[PDB]
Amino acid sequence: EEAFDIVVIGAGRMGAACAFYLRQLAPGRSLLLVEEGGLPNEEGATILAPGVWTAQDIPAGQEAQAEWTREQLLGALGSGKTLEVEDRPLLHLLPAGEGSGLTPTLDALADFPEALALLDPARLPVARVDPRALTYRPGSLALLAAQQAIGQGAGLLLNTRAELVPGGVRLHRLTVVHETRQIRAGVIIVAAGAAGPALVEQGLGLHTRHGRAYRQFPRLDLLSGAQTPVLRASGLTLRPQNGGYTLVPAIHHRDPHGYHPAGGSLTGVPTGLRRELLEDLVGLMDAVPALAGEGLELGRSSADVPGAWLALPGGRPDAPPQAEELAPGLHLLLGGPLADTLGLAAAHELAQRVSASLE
């Protein structure tokens, strides 16, 4: 039936960015953007991502991708548009102070008292400061990218679930009855986030080693400022936002295929946080007293706690964003836990390659 040169599945930060770069790299190549949710999609990972760009999230060898992504952020993708991005130093609080060029927490939080009251200076005396860290809303980044892509002639299909079939895509909708509709495509970019691996598996039998982890983002209602630095401890992050802090748990491991997030087992009372997060908090309460006061919103059940599924490339919690061609014309785009520092770069790199194999 109808056909497109390029079909991008997924309108989150990754797919939206990739569709944008492809519209500027290959404007003569028709592109269709398919998203099963809306635009934006508050049921996705991109919306809850803390949006922290930090030199501490750059794996060895990825300095080029990290800086290019940073430049894009401050330049709003070079679209003459507005993208709220503030300069906010990031501190990696540490116990026994001894090693590389660290900084005494006492001095680091000199003009930031609202961040001091959260911890215990004695149990976290030193830190690794990153003066170039930045904060932004991934949701705004993604929307901006989608908008610009659409303003550039990108086909748009929302509230549509894409299914991969040999040669093209099958689109499912709802009018009440289903509406299946196939379409040919020369190139298909799978930017379904954490759902990307399964998509290609159940659709084309293409096996991968990628995994997925469910991460919650409970809020900490304690005084915060527009310039109060991002803080990290034992892998946990305190992202100042909306006058408070958003707690970004560490991912210790991938979650199994058959797993339903439940959480709730704190000192004899059922909460909305997973057992693992609960344990982490208990282990950080002394160092970060704020985790033991009235600030943290624990909720009653997992339903009251903001959460999302993030892809884990290769199943590694610390693996960066990446792309790969699993078959002729078929690419799998993965963002992941480091997408805030390396996300755009991986979408642009994929766009360049796709654009070339078309010229």
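A residue's number is simply how far along the shown sequence it sits, counting from 1.
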Unresolved deposited residues in the interval that joins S100 and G101: none
Between the two ranges 90-98 and 244-252, the one averaging a larger CA B factor in the entry: 90-98
Between the two ranges 11-19 and 345-353, the one averaging a larger CA B factor in the entry: 345-353
Options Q72, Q148, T82, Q216 - largest CA temperature factor per the record: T82
Out of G203, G264, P138, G155, highest CA B-factor residue: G264
Third of the chain's Cα B-factor distribution that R29 belongs to, per the entry: middle
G196 - which third its CA temperature factor falls in, relative to the rest of the chain: lowest
Cα B factor band for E36 (lowest, middle or highest third within the chain): middle
Position of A303 among the chain's modelled residues by C-alpha B-factor, lowest, middle or highest third: highest
Third of the chain's Cα B-factor distribution that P317 belongs to, per the entry: middle
